[PDB]
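Here's the structure we're looking at; comments come further down.
All residue numbers refer to positions in the sequence shown, counting from 1. Values below: every heavy atom of this structure, side chains too, minus hydrogens, waters and symmetry copies.
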Amino acid sequence: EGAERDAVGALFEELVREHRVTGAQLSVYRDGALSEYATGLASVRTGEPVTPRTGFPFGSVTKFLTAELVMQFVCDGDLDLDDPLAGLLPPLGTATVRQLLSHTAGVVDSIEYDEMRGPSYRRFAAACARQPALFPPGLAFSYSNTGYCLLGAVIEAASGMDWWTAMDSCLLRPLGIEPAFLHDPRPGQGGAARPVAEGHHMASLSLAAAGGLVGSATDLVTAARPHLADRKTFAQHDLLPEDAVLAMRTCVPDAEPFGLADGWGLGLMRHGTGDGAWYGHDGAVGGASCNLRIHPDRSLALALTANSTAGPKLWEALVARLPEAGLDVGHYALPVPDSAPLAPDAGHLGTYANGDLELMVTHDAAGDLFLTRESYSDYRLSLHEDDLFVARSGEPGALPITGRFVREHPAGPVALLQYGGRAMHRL
Ligand SMILES: *C(=O)[C@H](N)CC(C)C
Ligand SMILES: [Y+3]
Ligand SMILES: [Y+3]
């Protein structure tokens, strides 16, 4: 196996050059032992090198950790997975903790809340109540940062600790992870600050439970250790029982995360089907990207952190090449529509919204359909079979969109527009 681990480092280092990555970490747990590759600089500004201790923004990969912390309370009886929120916090009250974890509660992606100034998530839960639901809870998938900030408020209500203090004391420190955040509102105590990589977002106090953690590839792989077939070899596996781990990778049915993944569990997404299924999470904060992938049956976990804007393309080039060391990480691909533009059903015209994001489906006088947005270019919209759509903006700077429409009933009209993992309610 010593030559496989060599291969990965050769490939890793060569891909960080070819995508001109300032600094990166890659950690791999495989065949019962850990490989840690760290390269480049934590800051060009200062010349300090990346080491495996350097903190990188996790961004939305925080969700996998917030999910694990929430599962801990489900296992300690302190919180129920499948019964209404309205019992735990002052429409939304019919959503369950299980739905928020799988992005099926119908919460919008982003509700602005600049007003949060401290560690409590109480006042944030109030402004969420004031907000329209994308759909009835359970109807479909729609990725939501705000849903995971709601879990920060559930955790705080479930235990008695703010989300930060529960993250640190129930999950992070028992795993030997040095706690580190984009923003910590607590006075805290002293001690050297953990070295962190800069990445010139979810830099905003209310987004913490959804995107605020900071850490290394090795921390993420360590948080993956309870999820593995060989979990009993991990001395802290007790922190996440075999049944919470199983629930975390059990995908919600009848809710395809269209555009992001084949399926979603509780804080883990799925790419692939059977023996080729991988689980994990992606994130990005400015110049920093983060990916975590887990093959539980093979007891495999890898995580990449990178503080350059090629971070997404480094990750994709790493997935395309990692097979050259036997790591066939699952892939997600949008479906290419098989057909030709279908008769522009006008039962599709209207305004689709997710919070403050807004599209309009219009026609022009020739009858073709368009997808417009505030300070975007217009797209030509083509309807296809299975309610698929492609939207093309002839301009090369603006990528095409593959989406789909969603009806609440097989006889009803189009209710949801869905792409990139987000749904947008027809107004
Ligand atoms: C977090 O950094 C972002 N919003 C998540 C991806 C999966 C869109
Ligand atoms: Y109950
Ligand atoms: Y405001």
Side-chain angles (χ1 to χ4, degrees), residues 102-104 106 108-109 134-136 138-144 251-264 269-274 276-277 282 312 316 319-320 330-355 357-427:
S102 62
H103 302 281
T104 52
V108 303
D109 191 7
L134 289 171
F135 46 80
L139 194 92
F141 180 98
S142 170
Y143 193 96
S144 188
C251 294
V252 162
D254 308 289
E256 203 215 313
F258 196 81
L260 271 181
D262 298 301
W264 220 278
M269 77 180 174
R270 171 160 60 74
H271 289 185
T273 85
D282 299 335
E316 306 179 3
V319 161
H331 171 91
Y332 179 70
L334 282 151
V336 195
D338 69 335
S339 89
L342 298 198
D345 201 328
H348 289 66
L349 300 171
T351 302
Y352 299 81
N354 191 314
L357 187 47
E358 250 164 357
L359 304 320
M360 315 202 29
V361 177
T362 51
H363 57 327
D364 66 351
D368 293 67
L369 302 156
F370 297 84
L371 185 66
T372 63
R373 316 154 259 208
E374 303 95 71
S375 306
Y376 261 118
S377 47
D378 293 9
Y379 280 53
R380 274 192 192 296
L381 177 60
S382 316
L383 309 182
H384 298 269
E385 277 163 75
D386 308 319
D387 277 340
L388 292 167
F389 79 69
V390 184
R392 312 200 154 249
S393 85
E395 298 150 1
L399 59 82
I401 299 186
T402 300
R404 89 181 170 185
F405 290 93
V406 182
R407 301 167 190 282
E408 285 179 60
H409 187 269
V414 178
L416 290 195
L417 191 159
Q418 185 162 82
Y419 74 104
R422 269 72 157 194
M424 310 213 217
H425 193 191
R426 193 213 206 132
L427 293 194

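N354 contributes a side-chain N or O that, together with a main-chain N or O of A423, makes up a donor-acceptor pair within less than 3.5 Å. Under a 3.5 Å cut-off, the side chain of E408 and the backbone N or O of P136 do not form any donor-acceptor pair.
Using cut-offs of 30° and 60° for the angle between ring planes, the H103 and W264 rings count as perpendicular.
A distance of 15.0 Å separates CZ of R404 from OH of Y419, quoted to the nearest 0.5 Å. Once rounded to the nearest 0.5 Å, the distance linking CG of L349 with OG1 of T362 reads 7.5 Å. Distance OG/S393 to CG/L381: 12.5 Å, rounded to 0.5 Å. To the nearest 0.5 angstrom, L369 atom CG is 10.5 Å from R380 atom CZ. The CG atom of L416 sits 10.0 Å away from the CE atom of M424 when rounded to the nearest 0.5 Å. Atom CG of residue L388 and atom OG1 of residue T402 lie 8.0 Å apart, to the nearest 0.5 angstrom.
The heavy-atom pair separating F135 from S142 by the smallest distance is CE2-CB, 4.0 Å. For the residue pair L260 and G420, the shortest heavy atom distance occurs at CG-O, 3.7 Å. Of all heavy-atom pairs spanning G272 and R270, the tightest one is O-NH1, 2.6 Å. Across all their heavy atoms, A343 and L383 have their closest contact at O-CD1, 4.2 Å. In terms of heavy-atom proximity, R392 sits nearest to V390 at NE-CG1, 3.8 Å. Of all the heavy atoms in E256 and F141, the pair that sits closest is O-CB, 3.8 Å.
The number of heavy-atom neighbours closer than 6.0 Å to CG of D254, taken from other residues, nucleotides and ligands shown, is 12 or below.
Take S339 and apply the side-chain contact (heavy atoms from CB on, under 4.5 Å) test, not counting sequence neighbours, and it matches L342, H384, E385. Qualifying salt bridge (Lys or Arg N to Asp or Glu O under 4.0 Å) partners for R407, counting only residues two or more places apart in sequence or in other chains: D387.
Applying the salt bridge (charged side-chain N to carboxylate O under 4.0 Å, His left out) test to every pair with at least one member in residues 412-427, sequence neighbours left out, gives these pairs: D109-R422.
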Query raised in the report: Hey, mind stepping through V361 and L371 against side chain to side chain contact (heavy atoms under 4.5 Å, CB included) and telling me if it holds?
Result: CA-CA 5 Å; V361 177; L371 185 66; 4.2 Å; yes

Query raised in the report: Taking it one step at a time, do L417 and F389 satisfy side chain to side chain contact (heavy atoms under 4.5 Å, CB included)?
Result: CA-CA 10 Å; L417 191 159; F389 79 69; 3.7 Å; yes

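By the 4.5 Å heavy-atom criterion applied to side chains, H425 and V108 are not counted as neighbours. By the 4.5 Å heavy-atom criterion applied to side chains, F258 and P335 are counted as neighbours.
At least one cation-pi condition fails for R373 and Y352: the charged atom is not both under 6.0 angstrom from the six-membered ring centre and inside a 45 degree cone around its axis.
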